[PDB]
Amino acid sequence: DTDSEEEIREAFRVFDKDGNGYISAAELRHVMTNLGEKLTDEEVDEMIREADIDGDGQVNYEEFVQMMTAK
Ligand SMILES: [Ca+2]
Ligand SMILES: [Ca+2]
């Protein structure tokens, strides 16, 4: 709850460039690339796709967490 899950809630919240309240695949490639690491769009696009429960190109913090670790 507030033990540490908070940092996760933050990092992901700030991540949403368009502060839409969720996370899209386009933001990952741009932000990661902007951060200094240029990932692969094919992996990114596929990344969320697998970590998507609603199937709306948008995933909250958890739906993502379970992914962040898994490569
Ligand atoms: Ca988003
Ligand atoms: Ca989803």
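Residues numbered from 1 in each chain as written, not as in the entry; some residues may be left out. Chains lettered and ligands numbered in written order. Heavy atoms only, no water.

- The record names solution NMR as the way this model was obtained.

**A few points about the packing of helix α2 (residues 25-35) against helix α3 (residues 41-50)**
1) Next: In the contact formed by α2 and α3, the axes pass within 8 Å of each other and the chain directions differ by 135°. The orientation of α2 with respect to α3, classified from their angle, is oblique. Here α2 and α3 pass one another in a crossing that is right-handed. Between α2, through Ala25, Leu28 and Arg29, and α3, the contact on the second element is made entirely by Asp41, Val44, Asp45 and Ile48.
2) Next: Considered class by class, the residues forming the contact of α2 with α3 number 4 nonpolar, no polar and 3 charged. (Axes fitted to C-alpha atoms, helices over the stretch in contact; angles between N-to-C directions. Helix = DSSP H or I, 4+ residues; strand = E, 2+ residues; numbered from the N terminus. Parallel < 35°, antiparallel > 145°, perpendicular 65-115°, else oblique. Left-handed = near helix turned anticlockwise from the far one by under 90°. Contact = heavy atoms within 4.5 Å. Nonpolar A, V, L, I, M, F, W, Y, C, P; charged D, E, K, R; others polar.)

**Things to note about the side chain of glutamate 63**
1) Next: Examined against the element boundaries, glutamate 63 turns out to sit in helix α4 (residues 62-69).
2) Next: Buried charged residue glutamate 63 carries no salt bridge. Nearest counter-charge: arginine 49, at 10 Å. (Buried < 20%, exposed > 50% of the residue type's maximum accessible area, 1.4 Å probe, protein only. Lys, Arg positive; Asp, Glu negative; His and termini not counted. Salt bridge = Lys/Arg side-chain N within 4 Å of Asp/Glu carboxyl O.)

**Here's the deal with the coordination of the calcium ion (ligand 2)**
1) Next: The coordination sphere of the calcium ion (ligand 2) contains the protein donors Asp52 (OD), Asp52 (OD), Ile53 (N), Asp54 (N), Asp56 (OD), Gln58 (O) and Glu63 (OE), at a distance range of 2.6 to 3.2 Å.
2) Next: Along the chain, the residues donating to the calcium ion (ligand 2) are arranged with the sequence spacing D-I-D-x1-D-x1-Q-x4-E.
3) Next: Look at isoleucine 53 and you get exposed, because its relative accessible area is 63%.
4) Next: With a relative accessible area of 54%, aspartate 54 lands in the exposed category. (Donors = N, O, S within 2.8 Å, 3.2 Å for Na, K, Ca; no water.)

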